[PDB]
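As structure tokens, one chain now follows by itself in the form deposited in one PDB entry.
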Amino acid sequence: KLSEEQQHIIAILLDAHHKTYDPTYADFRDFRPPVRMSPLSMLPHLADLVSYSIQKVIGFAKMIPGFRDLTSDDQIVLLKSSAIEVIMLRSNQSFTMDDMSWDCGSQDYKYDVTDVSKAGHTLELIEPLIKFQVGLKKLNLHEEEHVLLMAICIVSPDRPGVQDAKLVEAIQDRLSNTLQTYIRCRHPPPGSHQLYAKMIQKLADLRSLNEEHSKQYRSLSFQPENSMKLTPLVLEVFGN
């Protein structure tokens, strides 16, 4: 019982994802190369990767139905607070549970816990990050549910600094109703409710992952020798 508006929304989000996610990872060749050999040897490569993904998340967010009906300040607030979470979400497409790594094409662009360690982060973040990727992968989401979850995570009225929270909620409500209805067409109860509840829990997990990444990013970026290796976009989005 997907309405034609709900079918329209899913078609829009699927296309937006296909225009902002490159499964070939061809643009990785333009990043500063990874050094693995202590110095934060993977910070330059991973900073470029994160910077590249921030751009993709902005491109995806712009195509969410209703997002551009918000003020520019609310668009900025929603993107600044959600960029880290959407990166963790969209990274799950490359995550594989064979060796707990993000496989993006080749061994050069295959990242494990030690590579994240090589960017300055500790297990306080990486251990919660890995169990998130595993639990998300075990859901075996359809691409429809995946792109809906990313959009819902962006248009969240539960963000500090939001001005028109009621408008943000109304936009999220139709994405949420679209996701709930899509699940019901593919899963009878109670499995239908067990899936949507686990997806909302993943959004809750991202909030604590958001908090821990910002704590470690603040300690890392406070050192000028580290922030020198970042990009201007990362400094703007992750800093102010």
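Shifts are known only where both forms have a C-alpha. The first residue of the shown sequence is 1; numbering continues from there. Whichever C-alpha set is largest while still superposing within 1.5 Å between the two forms counts as the rigid core.
Counting the deposited residues that fall between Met37 and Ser38 and carry no coordinates gives a value of 10 or more. Per the PDB record, of the two stretches 24-32 and 179-187, 179-187 carries the greater mean B-factor over its C-alpha atoms.
Look at the mean CA B-factor for 14-22 and for 216-224 in the entry; the higher one is 216-224. For the set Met88, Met97, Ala119, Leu148, the PDB entry assigns the largest Cα B-factor to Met97. Set against one another, the Cα B-factors of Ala170, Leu129, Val155, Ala83 in the record reach their highest point at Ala170. When the modelled residues of the chain are ordered by their C-alpha B factor, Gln107 lands in the highest third.
Sort the chain's modelled residues by C-alpha temperature factor and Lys62 lands in the lowest third, per the entry. Sort the modelled residues of the chain by CA B factor and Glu124 lands in the middle third. In this PDB entry, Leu233 carries a Cα temperature factor that places it within the lowest third of its chain's modelled residues. Placement of the Cα temperature factor of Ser192 within the chain: highest third of the modelled residues, per the deposited record.
This next part talks about the form deposited in another entry, which is not shown.
Aligning the rigid core between the shown form and the other one and inspecting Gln201, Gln55, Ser192, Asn177, the C-alpha positions shift by 2 Å or more at one residue, which is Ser192. In comparison with the shown form, the Cα-Cα distance of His187 and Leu14 decreases by at least 3 angstroms in that other deposited form. Cα-Cα spacing of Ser176 to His193 is enlarged in that other deposited form versus the present form (difference of at least 3 Å). At a threshold of 2 Å in C-alpha displacement, with the core superposed and only residues shared by both forms counted, 186-193 is the one segment of at least 3 consecutive residues that shifts between the shown form and the other one.
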